[PDB]
């Protein structure tokens, strides 16, 4: 896995989820930032399990691509994040979707607390018109610190 700036960029859910879980055990949960860039399972399954065989139509301009991506986000990705932060019943009370010609961005946000420390979880998920890759950004920070 790459460190793009001071942030780890993972290529699979296992590495990403394990990072978040370990950093939670290590009391670092309120100052985390990592990324995950991958192709969603459905698009690989549609393309002979080869990124080079993915249709050029499989991108943010395909209603089917977007719908199936959202389904994966809601069934798997968020479930993994909730498991890792030890809050399986968490709900994100901030949700948004922004669509431009070039990309669709979903945001899921929640102010929560763990070990007596309040913190904000922000999950950004981006898909684009250029190709089928999905870009996840996971970031936390304290709330109301002085």
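Residue numbers count along the first chain shown, from 1.
Per the PDB record, of the two stretches 20-28 and 5-13, 5-13 carries the greater mean B-factor over its C-alpha atoms. In the deposited entry, the Cα temperature factor of residue 85 sits in the middle third of values across the chain's modelled residues. The PDB entry assigns residue 118 a C-alpha temperature factor belonging to the middle third of its chain's modelled residues.
Among the modelled residues of its chain, residue 70 has a C-alpha B-factor that falls in the middle third according to the deposited record. Ranked by Cα temperature factor within the chain, residue 110 sits in the lowest third according to the deposited record.
When the modelled residues of the chain are ordered by their C-alpha B factor, residue 61 lands in the middle third.
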